[PDB]
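K.L.:
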Amino acid sequence: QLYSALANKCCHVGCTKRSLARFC
Amino acid sequence: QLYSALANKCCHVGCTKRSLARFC
Amino acid sequence: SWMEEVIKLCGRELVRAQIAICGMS
Amino acid sequence: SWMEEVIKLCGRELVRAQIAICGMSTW
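Chains as they are written, first to last, in the authors' numbering: chain C, -3 to 20; chain A, -3 to 20; chain D, -2 to 22; chain B, -2 to 24.
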C-alpha cells in the first residue's frame, strides 16, 4: 500500500486511524 | 490532491525538505 | 480502540493527524 | 538551510521525515 494511495484514500473517502498508525 | 501527489513524488523521484515543510 | 476511529482529511490536516497518531502510538 | 536538502523516501521513512521536519520548524 503506497503511503500516497492511503493519503488519497483518507482525503477522498476516509480511513481509519489504524491504517495511518502502521506508517509511524 | 496535493499531499498524496507530493508523497508519491518524494518516494519515486525525490523532493526537497522545503516541499514537505509546506504541509506543517 | 481509538484506532478504529474514521477520519476524512487532506493535506495539512492529514499531516497534523498523522503526527498526532504517531505521538499517541 | 537544511530545507534545500533533497530526499527520496517512502512509507515509514517518509512519515518519520515529515514528522521531524515539522518538529524542527517550531517555536
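All C-beta atoms, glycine included, are put in the ideal place defined by N, C-alpha and C.
D:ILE4 bridges to which residues according to DSSP?
P.N.:
DSSP lists C:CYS11 as partners of D:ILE4.
K.L.:
Any idea what DSSP makes of B:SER22, helix, strand or coil?
P.N.:
coil
K.L.:
Would B:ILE16 pass as an interface residue toward chain D - the criterion being a Cβ-Cβ separation below 7 Å?
P.N.:
yes
K.L.:
So, helix, strand or coil for D:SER(-2), using DSSP?
P.N.:
coil
K.L.:
For A:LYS13, is the classification buried or exposed, using 16 other Cβ atoms within 10 angstroms of its Cβ as the cut-off for buried?
P.N.:
buried
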